[PDB]
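**Q** Sharing entry.txt here; it has compact mmCIF, C-alpha atoms (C1' of nucleotides) and all ligand atoms.
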```txt
# COMPACT_ATOMS: atom_id res chain seq x y z
CA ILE L 789 85.18 -79.68 37.40
CA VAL L 790 84.11 -83.30 36.91
CA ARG L 791 86.35 -86.12 35.78
CA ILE L 792 86.50 -87.28 32.19
CA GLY L 793 84.10 -90.15 31.64
CA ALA L 794 81.85 -89.49 34.62
CA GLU L 795 78.28 -90.19 33.54
CA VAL L 796 75.98 -87.33 34.50
CA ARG L 797 72.22 -87.00 34.92
CA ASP L 798 69.84 -84.05 34.91
CA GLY L 799 70.82 -81.13 37.11
CA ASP L 800 74.09 -82.49 38.51
CA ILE L 801 77.09 -80.33 39.28
CA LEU L 802 79.56 -79.83 36.46
CA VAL L 803 81.64 -76.92 37.79
CA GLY L 804 81.68 -76.01 41.45
CA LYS L 805 81.85 -72.22 41.67
CA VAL L 806 80.88 -70.12 44.69
CA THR L 807 80.66 -66.28 44.62
CA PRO L 808 81.40 -63.80 47.41
CA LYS L 809 77.95 -62.44 48.23
CA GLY L 810 79.17 -60.21 51.03
CA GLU L 811 77.25 -59.98 54.28
CA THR L 812 73.62 -58.97 54.75
CA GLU L 813 71.56 -58.34 57.85
CA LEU L 814 70.10 -61.25 59.80
CA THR L 815 66.52 -61.96 60.72
CA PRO L 816 66.11 -62.74 64.45
CA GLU L 817 64.45 -66.04 63.54
CA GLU L 818 67.41 -67.05 61.37
CA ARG L 819 69.64 -65.90 64.24
CA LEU L 820 67.77 -68.20 66.62
CA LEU L 821 67.96 -71.15 64.22
CA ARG L 822 71.68 -70.59 63.65
CA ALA L 823 72.20 -70.38 67.41
CA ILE L 824 70.31 -73.67 67.76
CA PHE L 825 72.14 -75.60 65.09
CA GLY L 826 75.63 -74.09 65.32
CA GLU L 827 76.76 -73.67 61.72
CA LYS L 828 79.03 -71.56 59.55
CA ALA L 829 77.65 -68.13 58.68
CA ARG L 830 78.08 -69.00 54.95
CA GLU L 831 79.05 -65.52 53.76
CA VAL L 832 79.36 -66.66 50.11
CA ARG L 833 76.74 -67.62 47.54
CA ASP L 834 76.96 -70.62 45.23
CA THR L 835 76.64 -70.26 41.45
CA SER L 836 77.50 -73.69 40.09
CA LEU L 837 77.23 -74.73 36.47
CA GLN I 9 52.77 -95.21 52.96
CA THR I 10 55.44 -93.03 54.57
CA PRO I 11 58.75 -94.24 53.04
CA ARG I 12 60.48 -91.51 55.08
CA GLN I 13 63.81 -91.66 56.89
CA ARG I 14 64.41 -93.48 60.18
CA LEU I 15 62.70 -90.74 62.22
CA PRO I 16 59.89 -92.95 63.65
CA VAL I 17 62.59 -95.58 64.10
CA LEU I 18 64.53 -92.85 65.94
CA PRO I 19 63.45 -93.37 69.56
CA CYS I 20 64.40 -89.87 70.62
CA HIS I 21 61.23 -88.22 69.32
CA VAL I 22 58.72 -91.02 69.63
CA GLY I 23 56.63 -89.70 72.53
CA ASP I 24 56.51 -86.72 74.85
CA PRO I 25 59.79 -84.76 74.96
CA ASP I 26 59.33 -83.64 78.58
CA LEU I 27 59.68 -87.29 79.57
CA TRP I 28 63.31 -86.95 78.53
CA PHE I 29 63.79 -84.23 81.12
CA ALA I 30 62.21 -86.21 83.93
CA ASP I 31 62.62 -84.86 87.44
CA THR I 32 62.69 -88.39 88.85
CA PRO I 33 65.62 -90.79 88.36
CA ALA I 34 63.18 -93.66 87.95
CA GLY I 35 61.14 -91.49 85.61
CA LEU I 36 64.06 -91.05 83.24
CA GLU I 37 65.14 -94.69 83.43
CA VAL I 38 62.56 -95.58 80.79
CA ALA I 39 63.99 -92.74 78.71
CA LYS I 40 67.56 -93.99 79.11
CA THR I 41 66.56 -97.54 78.21
CA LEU I 42 64.61 -96.26 75.23
CA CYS I 43 67.81 -95.25 73.46
CA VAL I 44 69.15 -98.76 73.76
CA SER I 45 67.26 -99.18 70.47
CA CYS I 46 68.76 -96.08 68.92
CA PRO I 47 70.75 -96.31 65.70
CA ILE I 48 72.77 -93.20 66.34
CA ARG I 49 73.94 -93.38 69.95
CA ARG I 50 77.60 -92.92 69.02
CA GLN I 51 77.39 -89.65 67.10
CA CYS I 52 74.65 -88.30 69.38
CA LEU I 53 76.62 -89.21 72.50
CA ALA I 54 79.75 -87.72 70.94
CA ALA I 55 77.93 -84.51 70.03
CA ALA I 56 76.55 -84.22 73.55
CA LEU I 57 80.03 -84.80 74.91
CA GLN I 58 81.66 -82.13 72.79
CA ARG I 59 78.96 -79.49 73.18
CA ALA I 60 79.01 -79.63 77.03
CA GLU I 61 75.35 -80.26 77.71
CA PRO I 62 73.78 -78.82 80.86
CA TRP I 63 70.81 -81.14 81.13
CA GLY I 64 68.83 -84.13 80.02
CA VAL I 65 69.09 -87.55 78.44
CA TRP I 66 71.67 -87.61 75.68
CA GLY I 67 72.91 -90.58 73.69
CA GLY I 68 71.04 -92.77 76.11
CA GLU I 69 72.80 -91.03 78.99
CA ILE I 70 71.92 -88.25 81.39
CA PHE I 71 74.14 -85.19 81.61
CA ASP I 72 74.98 -82.89 84.48
CA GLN I 73 75.62 -79.18 84.03
CA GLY I 74 79.12 -80.01 82.82
CA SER I 75 79.59 -83.68 82.17
CA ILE I 76 78.43 -87.28 82.45
CA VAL I 77 76.60 -88.76 85.43
CA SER I 78 76.30 -92.32 86.58
CA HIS I 79 72.78 -91.45 87.78
CA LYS I 80 71.50 -88.66 89.98
CA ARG I 81 70.90 -89.05 93.68
CA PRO I 82 67.28 -88.45 94.64
CA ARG I 83 65.98 -86.08 97.27
CA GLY I 84 66.92 -86.92 100.85
CA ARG I 85 69.70 -88.56 102.81
CA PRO I 86 71.98 -90.75 100.67
CA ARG I 87 72.13 -94.32 101.88
CA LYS I 88 74.91 -96.72 102.81
CA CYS W 48 65.80 -38.90 45.78
CA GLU W 49 64.88 -41.40 48.44
CA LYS W 50 63.21 -38.70 50.55
CA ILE W 51 60.65 -38.22 47.77
CA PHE W 52 60.38 -41.62 46.10
CA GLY W 53 60.69 -43.78 49.20
CA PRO W 54 63.43 -46.12 50.35
CA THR W 55 65.41 -48.61 48.32
CA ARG W 56 65.25 -51.58 50.71
CA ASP W 57 62.42 -53.08 52.72
CA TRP W 58 61.99 -50.99 55.89
CA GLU W 59 65.52 -49.60 55.65
CA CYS W 60 66.01 -45.93 56.49
CA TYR W 61 69.00 -44.22 54.83
CA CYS W 62 71.51 -43.66 57.75
CA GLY W 63 70.68 -47.17 58.94
CA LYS W 64 69.32 -46.67 62.45
CA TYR W 65 65.73 -47.74 61.98
CA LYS W 66 65.81 -51.13 60.26
CA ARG W 67 62.94 -52.95 61.95
CA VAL W 68 59.37 -53.69 60.92
CA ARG W 69 58.24 -52.36 64.31
CA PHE W 70 59.17 -49.05 62.78
CA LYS W 71 56.61 -48.30 60.07
CA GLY W 72 55.56 -45.00 58.56
CA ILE W 73 58.11 -43.16 60.70
CA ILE W 74 60.08 -40.41 59.02
CA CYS W 75 63.71 -40.26 60.14
CA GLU W 76 64.96 -36.74 60.93
CA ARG W 77 68.58 -37.70 60.30
CA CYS W 78 68.26 -39.24 56.85
CA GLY W 79 64.91 -37.75 55.79
CA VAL W 80 63.17 -40.89 54.53
CA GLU W 81 60.04 -42.63 55.86
CA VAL W 82 60.35 -46.32 56.74
CA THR W 83 58.24 -48.51 54.45
CA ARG W 84 58.53 -51.13 51.71
CA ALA W 85 60.59 -50.62 48.55
CA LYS W 86 57.47 -51.25 46.47
CA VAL W 87 56.42 -47.60 46.85
CA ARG W 88 59.07 -46.66 44.29
CA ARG W 89 56.57 -48.01 41.76
CA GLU W 90 53.90 -45.42 42.50
CA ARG W 91 55.25 -42.36 44.33
CA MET W 92 54.93 -39.17 42.33
CA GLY W 93 57.13 -36.09 42.27
CA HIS W 94 56.80 -32.73 40.58
CA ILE W 95 59.10 -30.10 39.13
CA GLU W 96 58.51 -26.50 40.11
CA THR M 454 56.21 -68.68 56.38
CA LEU M 455 55.98 -72.38 57.25
CA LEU M 456 59.19 -71.98 59.26
CA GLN M 457 57.62 -69.15 61.27
CA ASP M 458 54.51 -71.20 61.99
CA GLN M 459 56.48 -74.32 62.97
CA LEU M 460 58.66 -72.14 65.20
CA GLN M 461 55.55 -70.73 66.89
CA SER M 462 54.18 -74.23 67.51
CA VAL M 463 57.42 -75.63 68.94
CA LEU M 464 57.94 -72.49 71.04
CA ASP M 465 54.45 -73.01 72.43
CA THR M 466 55.17 -76.67 73.18
CA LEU M 467 57.07 -75.47 76.26
CA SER M 468 55.82 -73.50 79.22
CA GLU M 469 55.09 -69.80 79.27
CA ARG M 470 57.92 -68.48 81.47
CA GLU M 471 60.76 -69.85 79.38
CA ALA M 472 58.64 -69.18 76.27
CA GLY M 473 58.42 -65.47 76.99
CA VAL M 474 62.05 -65.55 78.09
CA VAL M 475 63.08 -66.80 74.65
CA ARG M 476 60.70 -64.35 72.96
CA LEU M 477 62.20 -61.41 74.82
CA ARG M 478 65.69 -62.79 74.29
CA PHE M 479 65.33 -62.90 70.52
CA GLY M 480 62.68 -60.27 69.76
CA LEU M 481 60.19 -62.75 68.34
CA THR M 482 57.26 -60.72 69.67
CA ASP M 483 58.45 -57.17 68.92
CA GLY M 484 61.58 -57.25 66.78
CA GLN M 485 63.75 -55.99 69.63
CA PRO M 486 65.78 -58.19 72.01
CA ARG M 487 66.28 -57.34 75.67
CA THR M 488 69.15 -57.53 78.09
CA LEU M 489 69.31 -60.50 80.44
CA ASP M 490 68.77 -58.30 83.47
CA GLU M 491 65.99 -56.50 81.60
CA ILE M 492 64.16 -59.81 81.17
CA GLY M 493 64.91 -60.61 84.81
CA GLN M 494 63.44 -57.26 85.80
CA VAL M 495 60.26 -57.72 83.77
CA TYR M 496 59.81 -61.28 85.07
CA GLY M 497 60.79 -60.91 88.72
CA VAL M 498 63.94 -62.95 89.36
CA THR M 499 67.66 -62.27 89.07
CA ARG M 500 69.48 -62.30 85.77
CA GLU M 501 71.65 -65.28 86.72
CA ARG M 502 68.56 -67.37 87.45
CA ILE M 503 67.30 -66.09 84.10
CA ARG M 504 70.55 -67.22 82.47
CA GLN M 505 70.25 -70.70 83.98
CA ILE M 506 66.66 -71.01 82.76
CA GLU M 507 67.69 -69.69 79.35
CA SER M 508 70.61 -72.10 78.99
CA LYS M 509 68.61 -75.16 80.00
CA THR M 510 65.72 -74.09 77.78
CA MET M 511 68.14 -73.63 74.89
CA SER M 512 69.38 -77.16 75.53
CA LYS M 513 65.80 -78.46 75.61
CA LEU M 514 65.13 -76.80 72.27
CA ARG M 515 68.43 -78.16 70.98
CA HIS M 516 67.30 -81.69 71.84
CA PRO M 517 66.33 -83.86 68.83
CA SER M 518 62.91 -84.64 70.32
CA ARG M 519 61.96 -81.07 69.48
CA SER M 520 64.50 -80.60 66.69
CA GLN M 521 62.78 -83.23 64.52
CA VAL M 522 60.64 -80.62 62.75
CA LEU M 523 63.54 -78.18 62.31
CA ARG M 524 66.34 -80.64 61.46
CA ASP M 525 66.39 -79.80 57.75
CA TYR M 526 65.00 -76.27 57.52
CA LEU M 527 68.44 -75.11 56.42
CA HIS C 439 37.89 -86.76 25.82
CA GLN C 440 41.38 -88.09 26.54
CA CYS C 441 44.79 -86.93 25.40
CA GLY C 442 48.29 -88.10 26.01
CA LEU C 443 51.01 -86.36 27.96
CA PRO C 444 54.70 -87.16 28.37
CA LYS C 445 55.79 -87.67 31.93
CA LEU C 446 58.86 -85.42 31.82
CA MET C 447 56.51 -82.58 30.89
CA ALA C 448 53.62 -83.40 33.22
CA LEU C 449 55.96 -83.71 36.19
CA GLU C 450 57.21 -80.21 35.46
CA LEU C 451 53.65 -78.96 34.94
CA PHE C 452 52.11 -80.35 38.13
CA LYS C 453 55.09 -79.64 40.38
CA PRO C 454 53.40 -77.75 43.28
CA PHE C 455 50.51 -80.23 43.42
CA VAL C 456 52.89 -83.17 43.65
CA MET C 457 54.95 -81.28 46.25
CA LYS C 458 51.88 -80.94 48.45
CA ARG C 459 50.83 -84.55 47.97
CA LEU C 460 54.19 -86.10 48.71
CA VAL C 461 54.54 -83.94 51.78
CA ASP C 462 51.12 -85.25 52.85
CA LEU C 463 52.37 -88.82 52.34
CA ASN C 464 55.57 -88.06 54.32
CA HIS C 465 57.95 -89.09 51.57
CA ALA C 466 59.61 -85.74 52.20
CA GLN C 467 59.02 -83.91 55.46
CA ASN C 468 59.59 -80.40 54.10
CA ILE C 469 59.09 -78.49 50.89
CA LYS C 470 62.79 -78.17 50.07
CA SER C 471 63.18 -81.93 50.46
CA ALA C 472 60.17 -82.37 48.18
CA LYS C 473 61.74 -80.08 45.58
CA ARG C 474 65.05 -81.93 45.64
CA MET C 475 63.22 -85.26 45.40
CA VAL C 476 61.29 -84.01 42.36
CA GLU C 477 64.49 -82.69 40.77
CA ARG C 478 66.29 -85.98 41.29
CA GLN C 479 63.13 -87.76 40.02
CA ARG C 480 62.96 -90.51 42.62
CA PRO C 481 60.59 -93.34 41.58
CA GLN C 482 57.83 -92.53 44.10
CA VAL C 483 56.86 -89.39 42.21
CA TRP C 484 55.13 -91.35 39.43
CA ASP C 485 52.74 -93.17 41.75
CA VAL C 486 52.07 -89.84 43.40
CA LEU C 487 51.70 -88.14 40.01
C1' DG V 1 109.56 -8.85 20.61
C1' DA V 2 108.36 -9.78 24.05
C1' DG V 3 102.75 -8.16 25.26
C1' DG V 4 99.02 -10.72 26.15
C1' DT V 5 97.25 -15.04 26.57
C1' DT V 6 96.61 -20.35 28.23
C1' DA V 7 96.35 -25.64 29.70
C1' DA V 8 98.09 -27.45 33.08
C1' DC V 9 100.68 -27.61 37.07
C1' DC V 10 101.66 -26.19 41.84
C1' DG V 11 100.71 -24.30 46.73
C1' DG V 12 96.86 -23.98 50.06
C1' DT V 13 92.42 -24.95 52.28
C1' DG V 14 88.22 -27.89 55.16
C1' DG V 15 86.03 -33.30 55.17
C1' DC V 16 86.49 -37.65 56.40
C1' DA V 17 88.05 -42.21 57.80
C1' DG V 18 90.99 -44.28 60.98
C1' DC V 19 92.15 -45.38 65.21
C1' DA V 20 93.99 -46.18 69.32
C1' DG V 21 92.88 -45.20 73.97
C1' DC V 22 88.86 -44.79 77.24
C1' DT V 23 84.61 -45.43 79.27
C1' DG V 24 80.49 -48.41 81.06
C1' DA V 25 77.10 -51.74 79.81
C1' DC V 26 76.66 -56.27 80.08
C1' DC V 27 77.49 -61.05 80.20
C1' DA V 28 80.34 -65.68 81.95
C1' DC V 29 80.96 -68.17 85.19
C1' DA V 30 81.92 -69.26 89.20
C1' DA V 31 81.44 -70.21 93.28
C1' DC V 32 78.84 -70.05 96.64
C1' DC V 33 75.69 -69.41 99.98
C1' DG V 34 70.94 -69.67 101.44
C1' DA V 35 66.07 -71.09 102.71
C1' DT V 36 63.45 -75.58 101.82
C1' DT V 37 62.50 -79.82 102.24
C1' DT V 38 62.89 -84.64 102.12
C1' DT V 39 64.41 -88.12 104.45
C1' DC V 40 67.09 -91.19 106.44
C1' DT V 41 69.30 -92.40 110.64
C1' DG V 42 70.17 -92.18 115.61
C1' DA V 43 69.96 -92.35 120.60
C1' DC V 44 66.03 -92.54 124.34
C1' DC V 45 66.16 -96.82 128.03
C1' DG D 1 59.55 -100.01 120.32
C1' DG D 2 57.81 -95.60 119.48
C1' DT D 3 60.12 -90.48 118.60
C1' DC D 4 61.62 -86.01 118.13
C1' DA D 5 66.18 -84.55 116.35
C1' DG D 6 70.25 -83.95 113.37
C1' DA D 7 72.92 -84.59 109.01
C1' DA D 8 72.88 -84.38 104.81
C1' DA D 9 71.16 -84.32 100.29
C1' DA D 10 68.98 -81.47 96.34
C1' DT D 11 66.64 -77.45 94.32
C1' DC D 12 65.21 -72.85 93.25
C1' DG D 13 66.99 -68.81 93.91
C1' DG D 14 70.01 -64.76 95.34
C1' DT D 15 74.84 -62.85 95.53
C1' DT D 16 78.97 -61.24 94.77
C1' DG D 17 82.16 -60.66 92.44
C1' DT D 18 84.70 -60.16 89.51
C1' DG D 19 86.61 -60.47 85.50
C1' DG D 20 86.70 -59.62 81.17
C1' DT D 21 85.18 -58.20 76.89
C1' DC D 22 83.23 -55.54 73.76
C1' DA D 23 79.92 -51.43 71.87
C1' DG D 24 80.93 -47.46 71.22
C1' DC D 25 82.79 -42.78 71.84
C1' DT D 26 85.72 -39.53 70.66
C1' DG D 27 90.05 -36.34 70.32
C1' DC D 28 94.19 -36.69 67.78
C1' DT D 29 96.55 -38.61 62.88
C1' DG D 30 96.81 -38.24 58.81
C1' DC D 31 95.26 -38.48 54.28
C1' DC D 32 92.01 -36.69 50.71
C1' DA D 33 88.72 -33.57 47.83
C1' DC D 34 87.98 -28.22 45.75
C1' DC D 35 90.12 -23.75 45.04
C1' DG D 36 92.66 -20.92 42.88
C1' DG D 37 97.70 -18.67 42.11
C1' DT D 38 101.33 -19.13 39.32
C1' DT D 39 104.53 -20.94 35.39
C1' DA D 40 106.28 -22.15 31.51
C1' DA D 41 103.74 -22.66 26.39
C1' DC D 42 100.92 -20.25 21.65
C1' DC D 43 99.31 -15.80 18.57
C1' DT D 44 101.53 -11.44 16.70
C1' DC D 45 99.67 -5.65 19.37
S1 LIG L 901 69.66 -89.19 73.10
FE1 LIG L 901 70.00 -91.32 72.45
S2 LIG L 901 67.93 -92.04 71.81
FE2 LIG L 901 67.81 -89.80 71.91
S3 LIG L 901 68.27 -89.14 69.78
FE3 LIG L 901 70.26 -89.10 70.90
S4 LIG L 901 71.17 -91.11 70.50
FE4 LIG L 901 68.96 -91.28 69.93
ZN ZN L 902 67.95 -42.09 58.38
```
Can the structure from this file be put into structure tokens for me?
Ligand code: SF4
Ligand SMILES: [Zn+2]

**A**
Amino acid sequence: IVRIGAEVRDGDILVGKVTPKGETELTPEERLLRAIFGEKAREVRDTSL
Amino acid sequence: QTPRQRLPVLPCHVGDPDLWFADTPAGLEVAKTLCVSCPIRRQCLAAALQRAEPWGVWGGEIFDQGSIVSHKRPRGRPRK
Amino acid sequence: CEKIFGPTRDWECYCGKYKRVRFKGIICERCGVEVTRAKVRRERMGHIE
Amino acid sequence: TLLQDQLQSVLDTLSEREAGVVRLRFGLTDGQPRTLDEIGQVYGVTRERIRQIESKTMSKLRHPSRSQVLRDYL
Amino acid sequence: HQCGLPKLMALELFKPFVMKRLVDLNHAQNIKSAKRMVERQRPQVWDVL
DNA sequence: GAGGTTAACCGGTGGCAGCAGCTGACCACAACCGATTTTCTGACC
DNA sequence: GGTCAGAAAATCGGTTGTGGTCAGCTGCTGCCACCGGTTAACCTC
């Protein structure tokens, strides 16, 4: 959560919470793009306040 | 009218990309000199170093199948 | 019953073998279902005998 | 949908042999990928030559000069 | 024939139109970048709007 | 007054996931060589 | 004072080779879900 006194604006993050979404199947196009860019699979889904 | 990022400033993708894979050492010299004006030669060169490029101009530098080259020899007998 | 009222995911047969859009309208002898969209659960009718 | 169209355009910016090699490698024309020697069989060269072409083509696609349009599609 | 409109409402109302226009003026090269720019309310959106 | 009964408890089956060991498909890479083809040099004298 | 000829590149392409690694396959390993037999608890012939 944010610090006390931190001025916020519209839509900013107040609590950083990320949920285990499990693993779903992958489109071949997303597979190709992930092979191109080389990133984490990101097996969790963000639900932030 | 654009107000975009530094992508047209970025001299990697200004012209034809196949120029950057020139099959002539002279033909890629323009490409290598074109990244003298590149803002991001350090991180790009570092990324190309760590990812073990097989080919092409990278960070203002050509790459062999494994590593860095001075510059490729052309076809024919090497000189003295 | 998925065999009657269609599948529950988009082009997903029930055992899990056929999962591709290249398969379409193909009934699967192992699981029983026909590969199609999950929208057919809106309008597929059954009857009681 | 815009990602698919941009992918088709950038895939067609390169030549047809490596283009169909990538298409058969990733199932972008049928939904089913092929083995390396399968692609080598349906083209006409050996699978190691296929692998060299595939690796250098993957590097060419990885290059920023063609990754400009796909830099921030994630 | 005129009527007023507050900008924090009209920006929300005309959001896809302004997304298309500020992609066409290259202030954001993709739709997700346009959406984040509209959410953060960067000052170019008024002259587009 | 145990006879007869009774919820639960107490052996006794088939189903299934694991699961470690066993293939062969299939790729990594690695050299490595092989025609090709320039092309430079190298004596002829 | 030209002149084939050789050496040595690189470049696309086989090759071999080989090594490993993993998808999966599948017979033991063992546990887990019905099925019902039995065993101490309730109502009074
Ligand atoms: S290779 Fe050089 S010029 Fe091209 S994008 Fe990378 S850093 Fe910039
Ligand atoms: Zn099935």

**Q** Name the residues, by chain letter and number, that sit within 6 Å of ligand ZN 902 (chain L) using all atoms listed in the file, and give them as a list in words.

**A** residues 60, 61, 62, 63, 75, 77, 78 and 79 of chain W

**Q** At a cut-off of 10 Å from (77.3, -62.9, 78.2) in the coordinates of the file, what residues are picked up using all atoms listed in the file, written as a PyMOL selection string?

**A** (chain M and resi 488-489+504) or (chain V and resi 26-29) or (chain D and resi 21)

**Q** Counting all atoms listed in the file, name the residues that have an atom within 6 Å of an atom of ligand LIG 901 (chain L); the answer should be given as a list in words.

**A** residues 19, 20, 43, 46, 48, 49, 52, 65, 66, 67 and 68 of chain I; 517 of chain M

**Q** Of the residues I:15, I:87, I:69, I:55, which is the one nearest to chain L, using only C-alpha atoms?

**A** I:55

**Q** Need to verify the contact set: segment 466-479 of chain M, 10 Å, only C-alpha atoms (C1' of nucleotides), exclusion of same-chain residues closer than 5 positions in sequence. Can you return it as a ChimeraX atom specification?

**A** /L:815-817,819-820 /I:25-26 /M:460-461,484-489,491-493,495-496,503-504,506-507,509-511,513-514,519

**Q** Grab the residues selected above and save them as a PDB file, in the coordinates of the input with C-alpha atoms.

**A**
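Result went into selection24.pdb, see below:
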```
ATOM      1  CA  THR L 815      66.520 -61.960  60.720  1.00  0.00           C
ATOM      2  CA  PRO L 816      66.110 -62.740  64.450  1.00  0.00           C
ATOM      3  CA  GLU L 817      64.450 -66.040  63.540  1.00  0.00           C
ATOM      4  CA  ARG L 819      69.640 -65.900  64.240  1.00  0.00           C
ATOM      5  CA  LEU L 820      67.770 -68.200  66.620  1.00  0.00           C
TER       6      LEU L 820
ATOM      7  CA  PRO I  25      59.790 -84.760  74.960  1.00  0.00           C
ATOM      8  CA  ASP I  26      59.330 -83.640  78.580  1.00  0.00           C
TER       9      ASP I  26
ATOM     10  CA  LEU M 460      58.660 -72.140  65.200  1.00  0.00           C
ATOM     11  CA  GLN M 461      55.550 -70.730  66.890  1.00  0.00           C
ATOM     12  CA  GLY M 484      61.580 -57.250  66.780  1.00  0.00           C
ATOM     13  CA  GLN M 485      63.750 -55.990  69.630  1.00  0.00           C
ATOM     14  CA  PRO M 486      65.780 -58.190  72.010  1.00  0.00           C
ATOM     15  CA  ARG M 487      66.280 -57.340  75.670  1.00  0.00           C
ATOM     16  CA  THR M 488      69.150 -57.530  78.090  1.00  0.00           C
ATOM     17  CA  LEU M 489      69.310 -60.500  80.440  1.00  0.00           C
ATOM     18  CA  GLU M 491      65.990 -56.500  81.600  1.00  0.00           C
ATOM     19  CA  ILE M 492      64.160 -59.810  81.170  1.00  0.00           C
ATOM     20  CA  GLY M 493      64.910 -60.610  84.810  1.00  0.00           C
ATOM     21  CA  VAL M 495      60.260 -57.720  83.770  1.00  0.00           C
ATOM     22  CA  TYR M 496      59.810 -61.280  85.070  1.00  0.00           C
ATOM     23  CA  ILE M 503      67.300 -66.090  84.100  1.00  0.00           C
ATOM     24  CA  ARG M 504      70.550 -67.220  82.470  1.00  0.00           C
ATOM     25  CA  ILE M 506      66.660 -71.010  82.760  1.00  0.00           C
ATOM     26  CA  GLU M 507      67.690 -69.690  79.350  1.00  0.00           C
ATOM     27  CA  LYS M 509      68.610 -75.160  80.000  1.00  0.00           C
ATOM     28  CA  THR M 510      65.720 -74.090  77.780  1.00  0.00           C
ATOM     29  CA  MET M 511      68.140 -73.630  74.890  1.00  0.00           C
ATOM     30  CA  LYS M 513      65.800 -78.460  75.610  1.00  0.00           C
ATOM     31  CA  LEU M 514      65.130 -76.800  72.270  1.00  0.00           C
ATOM     32  CA  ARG M 519      61.960 -81.070  69.480  1.00  0.00           C
TER      33      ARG M 519
END
```

**Q** Please return the centre and edge lengths, in Å to one decimal, of a box with edges along x, y and z that contains all listed atoms of segment 85-88 of chain W, widened by 5 Å on every side, as lines of an AutoDock Vina configuration file.

**A**
```
center_x = 58.5
center_y = -49.0
center_z = 46.4
size_x = 14.2
size_y = 14.6
size_z = 14.3
```

**Q** Write out, as a Markdown table, each residue of chain D that has an atom at most 12 Å from chain I, together with the closest pair of atoms and their distance in Å to one decimal, counting all atoms listed in the file, rows going by chain and rising number.

**A**
```
| residue | atom | partner | partner_atom | distance |
| --- | --- | --- | --- | --- |
| D:6 | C1' | I:85 | CA | 11.5 |
| D:7 | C1' | I:85 | CA | 8.0 |
| D:8 | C1' | I:85 | CA | 5.6 |
| D:9 | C1' | I:84 | CA | 5.0 |
| D:10 | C1' | I:83 | CA | 5.6 |
| D:11 | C1' | I:83 | CA | 9.1 |
```

**Q** The selected residues should be written to file as a PDB file, in the coordinates of the input (atoms: C-alpha atoms (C1' of nucleotides)).

**A**
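Okay, out.pdb is ready:
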```pdb
ATOM      1  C1'  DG D   6      70.250 -83.950 113.370  1.00  0.00           C
ATOM      2  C1'  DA D   7      72.920 -84.590 109.010  1.00  0.00           C
ATOM      3  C1'  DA D   8      72.880 -84.380 104.810  1.00  0.00           C
ATOM      4  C1'  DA D   9      71.160 -84.320 100.290  1.00  0.00           C
ATOM      5  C1'  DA D  10      68.980 -81.470  96.340  1.00  0.00           C
ATOM      6  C1'  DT D  11      66.640 -77.450  94.320  1.00  0.00           C
TER       7       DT D  11
END
```

**Q** Do you have the atom CA of residue 448 of chain C-atom CA of residue 801 of chain L distance handy?

**A**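 Between these atoms lies a distance of 24.4 Å.
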
**Q** Which distance in Å separates atom CA of residue 797 of chain L and atom CA of residue 487 of chain C, to one decimal?

**A**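 Computing it gives 21.2 Å between the two atoms.
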
**Q** Please report the interatomic distance between atom CA of residue 478 of chain C and atom CA of residue 799 of chain L in Å with one decimal.

**A**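 Going from atom CA of residue 478 of chain C over to atom CA of residue 799 of chain L covers 7.8 Å.
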
**Q** Can you pull out every residue within 12 Å of residue 455 of chain C, counting only C-alpha atoms (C1' of nucleotides), but drop anything in the same chain fewer than 6 positions away, and send it as a PyMOL selection string?

**A** chain C and resi 448-449+461-462+469+472-473+476+483+486-487

**Q** Write out, as a PDB file, keeping the file's coordinate frame, the residues just selected, with C-alpha atoms.

**A**
```
ATOM      1  CA  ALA C 448      53.620 -83.400  33.220  1.00  0.00           C
ATOM      2  CA  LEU C 449      55.960 -83.710  36.190  1.00  0.00           C
ATOM      3  CA  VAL C 461      54.540 -83.940  51.780  1.00  0.00           C
ATOM      4  CA  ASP C 462      51.120 -85.250  52.850  1.00  0.00           C
ATOM      5  CA  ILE C 469      59.090 -78.490  50.890  1.00  0.00           C
ATOM      6  CA  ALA C 472      60.170 -82.370  48.180  1.00  0.00           C
ATOM      7  CA  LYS C 473      61.740 -80.080  45.580  1.00  0.00           C
ATOM      8  CA  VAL C 476      61.290 -84.010  42.360  1.00  0.00           C
ATOM      9  CA  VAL C 483      56.860 -89.390  42.210  1.00  0.00           C
ATOM     10  CA  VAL C 486      52.070 -89.840  43.400  1.00  0.00           C
ATOM     11  CA  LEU C 487      51.700 -88.140  40.010  1.00  0.00           C
TER      12      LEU C 487
END
```

**Q** Show me, as a PyMOL selection string, the residues that have an atom within 12 Å of residue 34 of chain D when counting all atoms listed in the file, minus same-chain residues fewer than 2 positions from it.

**A** (chain V and resi 12-15) or (chain D and resi 32+36)

**Q** Quick one: residues within 7 Å of residue 71 of chain W, only C-alpha atoms (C1' of nucleotides) counted, chain neighbours fewer than 3 positions away excluded, as an NGL selection string?

**A** :W and (68 or 82-83)

**Q** Using all atoms listed in the file, pick whichever of V:30, V:35, V:43, V:22 has the shortest atom-to-atom distance to residue 25 of chain D.

**A**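 Closest to residue 25 of chain D of all the choices is V:22.
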
**Q** I:58, I:64, I:14, I:50: which is nearest chain M, counting only C-alpha atoms?

**A** I:64

**Q** Do me a favour and pick out the residues of chain V within 9 Å of chain I, using all atoms listed in the file, as a list in words.

**A**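 Applying the cut-off to the listed atoms yields residues 37, 38, 39, 40 and 41 of chain V.
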
**Q** Here is a test: counting all atoms listed in the file, which residue of M:463, M:524, M:499, M:490 is nearest to chain V?

**A**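 Nearest candidate to chain V out of M:463, M:524, M:499, M:490: M:490.
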